[PDB]
Structures are given as structure tokens and as C-alpha cells.
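**Student:**
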Amino acid sequence: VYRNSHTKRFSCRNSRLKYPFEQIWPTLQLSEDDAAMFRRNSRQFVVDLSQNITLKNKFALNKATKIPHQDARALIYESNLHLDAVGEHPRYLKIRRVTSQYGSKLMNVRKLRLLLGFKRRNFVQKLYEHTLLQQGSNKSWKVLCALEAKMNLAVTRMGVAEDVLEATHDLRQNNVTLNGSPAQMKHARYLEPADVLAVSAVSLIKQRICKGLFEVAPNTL
Amino acid sequence: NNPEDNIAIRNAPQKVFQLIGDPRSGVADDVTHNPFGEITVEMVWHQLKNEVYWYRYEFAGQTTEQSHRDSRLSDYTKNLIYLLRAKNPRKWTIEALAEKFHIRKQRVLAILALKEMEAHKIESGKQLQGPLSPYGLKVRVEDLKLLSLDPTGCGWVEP
Amino acid sequence: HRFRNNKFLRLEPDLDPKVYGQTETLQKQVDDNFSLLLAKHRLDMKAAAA
Amino acid sequence: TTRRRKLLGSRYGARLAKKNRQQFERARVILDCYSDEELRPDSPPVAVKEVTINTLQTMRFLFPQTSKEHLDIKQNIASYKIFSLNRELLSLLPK
Amino acid sequence: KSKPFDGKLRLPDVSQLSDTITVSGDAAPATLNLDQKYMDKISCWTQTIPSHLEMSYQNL
Ligand SMILES: [K+]
Numbered sequence: 081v082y083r084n085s086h087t088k089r090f091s092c093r094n095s096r097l098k099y100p101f102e103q104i105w106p107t108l109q110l111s112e113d114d115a116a117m118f119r120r121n122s123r124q125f126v127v128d129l130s131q132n133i134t135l136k137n138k139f140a141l142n143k144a145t146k147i148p149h150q151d152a153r154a155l156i157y158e159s160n161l162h163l164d165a166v167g168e169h170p171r172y173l174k175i176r177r178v179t180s181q182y183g184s185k186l187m188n189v190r191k192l193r194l195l196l197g198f199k200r201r202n203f204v205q206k207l208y209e210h211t212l213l214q215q216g217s218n219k220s221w222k223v224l225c226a227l228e229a230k231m232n233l234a235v236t237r238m239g240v241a242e243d244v245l246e247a248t249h250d251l252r253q254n255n256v257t258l259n260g261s262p263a264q265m266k267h268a269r270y271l272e273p274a275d276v277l278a279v280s281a282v283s284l285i286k287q288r289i290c291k292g293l294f295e296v297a298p299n300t301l
Numbered sequence: 344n345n346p347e348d349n350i351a352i353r354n355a356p357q358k359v360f361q362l363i364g365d366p367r368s369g370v371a372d373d374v375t376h377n378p379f380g381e382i383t384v385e386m387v388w389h390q391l392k393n394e395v396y397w398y399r400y401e402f403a404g405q406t407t408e409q410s411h412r413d414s415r416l417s418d419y420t421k422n423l424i425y426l427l428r429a430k431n432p433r434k435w436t437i438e439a440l441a442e443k444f445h446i447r448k449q450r451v452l453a454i455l456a457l458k459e460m461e462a463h464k465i466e467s468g469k470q471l472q473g474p475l476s477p478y479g480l481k482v483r484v485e486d487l488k489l490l491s492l493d494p495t496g497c498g499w500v501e502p
Numbered sequence: 189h190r191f192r193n194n195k196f197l198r199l200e201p202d203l204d205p206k207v208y209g210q211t212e213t214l215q216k217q218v219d220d221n222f223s224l225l226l227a228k229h230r231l232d233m234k235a236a237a238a
Numbered sequence: 155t156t157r158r159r160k161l162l163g164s165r166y167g168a169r170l171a172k173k174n175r176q177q178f179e180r181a182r183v184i185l186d187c188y189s190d191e192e193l194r195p196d197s198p199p200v201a202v203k204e205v206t207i208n209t210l211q212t213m214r215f216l217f218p219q220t221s222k223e224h225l226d227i228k229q230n231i232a233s234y235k236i237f238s239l240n241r242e243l244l245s246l247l248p249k
Numbered sequence: 137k138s139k140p141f142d143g144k145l146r147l148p149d150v151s152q153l154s155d156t157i158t159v160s161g162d163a164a165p166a167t168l169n170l171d172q173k174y175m176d177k178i179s180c181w182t183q184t185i186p187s188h189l190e191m192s193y194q195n196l
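Protein sequences, first through last, are from chains A, B, C, D and E.
For the first sequence, the positions run 81 to 301 when my numbering is used.
For the second sequence, the positions run 344 to 502 when my numbering is used.
For the third sequence, the positions run 189 to 238 when my numbering is used.
For the fourth sequence, the positions run 155 to 249 when my numbering is used.
For the fifth sequence, the positions run 137 to 196 when my numbering is used.
#1: List the DSSP bridge partners of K481/B.
#2: Output the boundary residues of the beta strand (DSSP E) element that contains residue 580/B.
#3: Buried or exposed for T383/B, going by 16 or more other Cβ atoms inside 10 Å?
#4: Pull out every residue of the stretch 475-487 of chain B whose Cβ sits closer than 9 Å to any Cβ of chain D, in chain order.
#5: Got a sec? Which residues, its chain only, sit under 8 Å from residue 302/A by beta carbon, not counting five neighbours each side?
#6: Report the rounded CA-to-CA distance for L186/A versus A165/A, giving the unit in angstroms.
#7: List the endpoints of the continuous beta strand (DSSP E) containing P148/E.
#8: Report whether the distance from the Cβ of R201/A to the nearest heavy atom of ligand 1 is below 8 Å.
#9: By the 10 Å Cβ neighbour count, where 16 or more other Cβ atoms means buried, how is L426/B classified, buried or exposed?
#10: From which residue to which residue does the beta strand (DSSP E) around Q124/A run?
#11: When you compare the CB of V374/B with every CB in chain A, is at least one pair closer than 9 Å?
#12: Evaluate contact between the stretch 290-298 of chain A and the stretch 351-358 of chain B, counting only Cβ atoms and requiring at least three cross-stretch pairs below 8 Å.
#13: Going along chain B in order, which residues have a C-beta closer than 9 Å to the C-beta of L214/C?
#14: Compute the minimum distance between the beta carbon of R123/A and the heavy atoms of ligand 1, and state whether it is under 8 Å.
#15: When the Cβ atoms of the stretch 210-226 of chain D are set against those of the stretch 441-450 of chain B, are three or more pairs found closer than 8 Å?
#16: Taking 9 Å as the CB-CB limit, is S160/E close to chain D?
#17: Relative to the alpha-carbon of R428/B, which residue among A232/D, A168/D, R214/D and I184/D has its alpha-carbon at the smallest distance?
#18: Distance cutoff 9 Å, beta carbons only. Does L293/A sit that close to anything in chain C?
#19: What separation, rounded to the nearest whole angstrom, lies between the Cα atoms of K228/C and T184/E?
#20: If you drop the 5 nearest sequence neighbours on each side, which residues of the same chain put their C-beta closer than 7 Å to that of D113/A?
#21: Compute the minimum distance between the beta carbon of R193/A and the heavy atoms of ligand 1, and state whether it is under 8 Å.
#22: Buried or exposed for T206/D, please, with buried defined as at least 16 other CB atoms from any protein chain shown within 10 angstroms of its CB.
#23: In angstroms, rounded to a whole number, what distance separates the CA positions of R93/A and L193/D?
#24: Taking a cut of 7 Å between CB atoms, which residues from the stretch 206-237 of chain C lie near chain B?
#25: Would you check if there are 3 or more beta carbon pairs closer than 8 Å linking the stretch 171-182 of chain E to the stretch 224-233 of chain A?
#26: Using DSSP bridges, identify the partner residues of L224/A.
#27: By the criterion of Cβ-Cβ separation under 8 Å, what are the contact partners of residue 105/D in chain A?
#28: Check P248/D in the structure and name its three-state DSSP category.
#29: What's the gap between the Cα of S261/A and the Cα of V282/A?
#30: Taking contact to mean at least 3 C-beta pairs separated by less than 8 Å, is the stretch 158-165 of chain E in contact with the stretch 207-218 of chain D?
#31: Span of the alpha helix (DSSP H) holding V183/D?
#32: Using three-state DSSP, classify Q264/A as helix, strand or coil.
#33: Do you know how far the Cα of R415/B is from the Cα of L480/B?
#34: Under 9 Å Cβ-Cβ, which residues of chain D neighbour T300/A?
#35: Rounded to the nearest angstrom, how far is the Cβ of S85/A from that of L194/A, given a contact under 8 Å?
#36: How many whole angstroms separate the CB atoms of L161/A and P170/A, which I take to be in contact at a CB cut-off of 8 Å?
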């Protein structure tokens with residue numbers, strides 16, 4: 081599978097956006113043309129107001145700062161005739177059908193695979209089955225906890241890797257230890273609230289961070 | 344202990360007692376809404392050069408405020424916790440330190456472990472070498488006094 | 189004061205960290221302070237002796 | 155074809171006890187190892203006398219104001235540091 | 137002609153200050169202070185550290 085969909089540029093696809101793709105890698109450098117393509121999902125033109133508005137402005141118009149996590153879907157992908165689509169005749173407003181769920185559900189499962197570092201689907205399925213047996217009342221939060229308990233994602237949170245993909249390579253090279261020794265079942269285990277992570281390749285990681293921030297370091301000491 | 348300058352007092356458990364009906368003839372608990380909160384999401388950042396959006400999920404977003412302060416305590420505060428524990432372990436228990444600095448007990452113990460490891464490196468001679476040597480300080484527990492902001496305004500007094 | 193910009197009356201500019209290194213620059217600053225103190229003892233001894 | 159030596163790990167406390175026993179004993183008291191009955195060591199606790207801290211941020215990063223409060227903190231740290239150096243020097247000056 | 141140094145370390149208890157001011161005396165930010173200067177590099181994770189993790193950059 082030497083496909084373009086396995087590269088960062090085209091990793092994520094969303095059919096409900098004006099530009100079908102979506103950018104999720106915070107360290108990817110885009111060209112001028114690529115940035116223009118992605119920018120079409122951020123700016124929209126309003127007829128009556130005769131202005132361009134952004135996605136952030138749309139949230140402010142709806143008075144949305146902290147909302148139930150299931151309600152953000154209706155804001156990102158839908159439009160309203162009284163706030164953001166004023167002046168458009170109702171005949172030309174887009175309303176979804178019950179037949180679009182499958183595309184959305186498949187897309188979200190693809191996102192979980194991408195965040196974990198291009199994992200296989202069976203990997204995600206077993207992760208979901210694991211949470212079904214653990215104690216807890218809210219199913220949604222149990223899934224979130226499982227993602228955080230993964231070792232490679234935790235290494236990314238520490239701030240020593242550019243992204244999850246780089247963190248995974250570090251584990252294969254044993255650049256990070258668990259409780260003083262290299263981890264066992266590092267790709268399959270979950271971290272516990274008392275685990276300790278340390279860097280064993282100190283020289284390598286220090287060079288990585290210094291080079292990354294060399295240009296943003298001040299010239300006066 | 345005023346809500347204006349005490350975020351902790353603002354983020355305090357609420358005692359809920361709501362009723363519908365007539366207290367003289369018949370009443371029932373009001374169960375028409377959920378006043379205990381739910382999981383929330385919020386957009387935090389937008390990078391205009393790469394078109395990247397950041398979303399933050401909070402378990403108790405509707406009943407808390409400024410939760411980002413707990414994990415971003417200054418280095419001065421952490422050193423103060425380390426010195427207080429060493430000075431008098433009998434009075435400065437994990438419970439007392441957690442209450443003093445408005446953090447959890449797990450965070451208090453974790454901070455102590457990391458500071459202890461750093462101290463060993465400094466004593467062994469692995470950190471603060473060369474031009475930065477003067478910044479490694481050895482402190483005797485007896486020669487330590489904690490000042491208080493008793494007088495209103497600027498000024499710290501010994502007692 | 190004629191030396192409005194050169195407030196500290198320096199003879200050489202501070203080393204650039206991006207070229208000579210942060211550690212080298214910090215050591216240079218320490219050496220500069222010691223030289224000023226040493227030069228002060230230098231002039232007094234020569235004047236007293238000769 | 156790797157020249158990197160194989161790494162077999164060990165817990166931090168395990169290595170410390172063999173390199174510096176005094177530091178290991180001090181850490182146990184600080185980390186509250188004598189409060190739980192199950193984990194309480196048999197050896198009696200040792201009193202803590204001296205600790206080491208890093209003050210680089212508190213001196214050059216955290217207190218920029220010109221008020222007396224910020225100046226006093228920096229001066230006290232500097233004065234205490236000089237006392238520590240002088241005590242070490244006095245131990246060596248005598249012939 | 138002033139009192140000599142006593143030899144003791146005097147440190148103020150910064151735990152008694154109001155929540156509207158930081159340790160350095162500046163105004164306390166009510167939200168995460170993110171900057172475009174660091175959010176496009178490896179620092180993006182440093183600025184968004186969660187509350188269930190304790191990280192030390194002196195020991196990594
Ligand atoms: K797959």
C-alpha cells in the first residue's frame with residue numbers, strides 16, 4: 081500500500097467539506113497552492129452581509145464556547161438561514177438525509193486509526209471491546225481514556241516527538257523506558273496512573289528539540 | 344476566602360435542593376433538567392499557516408473554570424513545596440501541602456519525586472556546571488523562615 | 189554623557205549565541221567582570237610602587 | 155549493523171542504593187515511605203538536614219519588577235549563597 | 137551602618153496572593169496563552185500539556 085492516502089498530505093478525507101480533504105498534522109509544511117485549497121473550508125461569503133466570515137466567527141454568532149461534545153457536529157457541517165445563510169432563499173438550503181450516516185461513521189473510525197499512528201482496524205475494534213468491560217458509566221469517556229493510556233500517544237504528549245508516527249519509531253528503537261527498563265508489549269499495553277517514562281537516548285532527543293526551536297530562539301542571551 | 348480572588352471557592356461543590364408543588368399540600372423533586380453538567384468540547388486554537396484546528400474536551404467543563412492553572416505552577420512554587428516537606432515532615436503532610444497550594448495529593452507527591460531526582464543530579468555534578476554553577480543552592484533546613492503577607496498591601500513580615 | 193548608546197562602556201560586543209554558543213557567551217561575560225576587578229588592582233599597585 | 159550496546163534496565167532506586175546510600179535513605183523519608191504500614195521499612199527514619207535546589211528561573215526569569223518585594227528575594231538568595239561558599243573556604247584556608 | 141546578615145533564608149509565601157496576579161506580578165491569563173511562533177513546531181505539544189501528566193524538562 082504505497083498509496084497517497086498513506087501520506088500526511090492526503091491522509092484524511094471528509095466528503096462533507098467544500099474541499100474534501102482535511103489537515104490534521106500540526107508540523108506539515110504546505111505550499112501556497114495547497115494552503116489555498118485548504119483555506120476554502122475556513123472562509124465563506126454571506127450575500128446579505130456582503131462579507132467573508134470564518135469558522136471561529138460562526139461559533140461566536142451562535143454563542144458557542146463550551147457545548148456538549150455531540151452538538152459540535154451540527155455547527156461544523158450545517159448552516160442556518162438566520163445567522164450564516166441570511167438572504168438565501170429556502171429553496172436552495174442544503175438539508176441532509178438519513179442515508180449519509182455510513183460515510184460519517186466510517187470517516188470517524190478512520191480518524192481514530194490516524195491518531196493512533198496508522199493502526200489497523202482490528203486494532204481499534206479490540207480497543208473498543210476492552211473498554212466495554214472496564215468500569216465506568218459514560219462509554220464516550222472510556223474510549224477517550226483508552227486512547228490516552230496508549231504508550232506512543234503519551235510519549236507524544238511529553239513533547240519529545242513531532243507527531244505520533246515519530247513517537248512509534250522511537251519505541252521500536254527503545255529510546256524511551258518504562259519503570260527503568262524497556263517496556264514489554266509496548267504496542268499493546270495500557271499505561272497506569274503511576275507509571276514513569278524516561279528518555280534513554282538523551283543526546284538524540286536533546287538534539288531533536290534544539291534543532292526544532294533554533295530559529296525561534298532569541299539572538300540575545 | 345472571597346470568590347473574587349479565590350478560584351477554588353468558585354469551583355466548589357453545589358448543594359442542590361429543588362422542588363415543584365405546594366409545601367403545604369404536596370411537593371416533588373424537580374427532575375426536569377440536569378444541573379450536574381456533562382462532557383463539553385471547545386475550539387482553542389486555529390493555525391492560519393497550516394489550517395489546523397485544535398479542540399479540547401473536558402469532563403466537567405460546565406462546573407469548573409481555569410483548570411489549566413493546576414499543571415502550570417511556577418518553579419518557585421515547586422521549590423517551596425520541596426523545602427517545606429524537608430523542613431518539617433510532621434506538620435507538612437501530603438494532605439496539608441495539597442490544601443495549601445490548591446492542588447491534588449497525587450500532584451504533590453509527583454512534584455517531590457521529580458525535585459528529589461534533580462537534586463541528586465546537582466549534587467553528583469551533572470547539572471549546573473561551568474558558568475551556571477552559582478545557581479545551585481545548598482540549603483540547611485534549620486535556616487529557613489517563611490514570611491506571610493499579613494499587612495494589607497505590599498510587604499512581607501516574618502511571622 | 190557622550191556615550192549615550194554605550195551605556196556600559198564596553199570595548200567589545202557580546203558574543204552571538206547563534207555563532208559561538210550559549211555556554212561560550214556566558215563564560216565570556218564572567219571573564220569580563222573578573223578582568224575589570226583585576227585591572228583595578230593592577231593600576232593601584234603600579235601607582236603605589238611607581 | 156548497529157554499534158549501540160544492548161540496554162538492560164533497572165529501577166532508579168536500585169541503582170541509587172549502590173552508588174550513594176546516603177541519598178537513597180534521604181529520599182525514602184521525603185517521599186513518605188514511613189506512613190503506610192505495608193511499605194514501612196524496618197530501619198528507623200533518618201532526619202533530613204540539607205537539600206539542594208535550582209534557582210536559575212527565580213533569579214533571571216520570574217521576578218522582573220523593581221519593587222522592594224522582588225529585590226529582597228534576590229538579595230536573600232545571593233547573601234545565603236555567599237555564606238555557603240565562605241564556609242567551604244574556611245575549611246581549607248588554615249595551613 | 138546597617139544590620140548585618142543573620143544567615144537565614146527568608147522566602148515569601150506566594151500561596152497567599154490573589155488569583156488575578158501571577159507569581160511575577162503580571163495579570164493572570166484566564167485561558168491558555170498560545171502563540172503562532174511555537175504552535176507550528178515541536179513545541180505545540182509543550183504548550184498544550186494535559187492536567188493528568190507531570191513533565192520535567194531537566195530530566196526528560
Ligand atoms: K485499515
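A virtual CB, placed ideally from N, CA and C, is assigned to each residue, including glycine.
**Tutor:** Taking the coordinates as given:
#1: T206/D
#2: Since the first residue shown for chain B is 344 and the last is 502, residue 580/B is missing from the structure and cannot be characterised.
#3: buried
#4: In summary, the residues of the stretch 475-487 of chain B whose CB is separated from some CB of chain D by less than 9 Å are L475, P477, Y478, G479, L480, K481, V482, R483, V484, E485 and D486, in the order they occur in the chain.
#5: A query on residue 302/A cannot be resolved here, the shown segment of chain A reaching from 81 to 301 and no further.
#6: In this model, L186/A and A165/A are separated by some 29 Å (Cα to Cα).
#7: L145 to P148
#8: yes
#9: buried
#10: For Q124/A, the enclosing beta strand (DSSP E) covers residues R123 to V126.
#11: no
#12: no
#13: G473, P474 and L475
#14: no
#15: no
#16: yes
#17: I184/D
#18: no
#19: A straight-line Cα-Cα distance of about 52 Å links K228/C and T184/E.
#20: none
#21: yes
#22: buried
#23: 53 Å
#24: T211, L214, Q215 and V218
#25: Fewer than three pairs of CB atoms, one per stretch, sit closer than 8 Å, so the stretch 171-182 of chain E makes no contact with the stretch 224-233 of chain A.
#26: Answer is none; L224/A lacks a bridge partner.
#27: It is not possible to answer for residue 105/D, since the shown part of chain D is limited to 155 through 249.
#28: coil
#29: 15 Å
#30: yes
#31: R175 to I184
#32: coil
#33: 23 Å
#34: Going along chain D, no residue has its Cβ under 9 Å from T300/A, so there is no contact; the nearest lies around 13 Å.
#35: In fact, because the Cβ distance is near 10 Å, the residues do not count as touching under 8 Å.
#36: 7 Å
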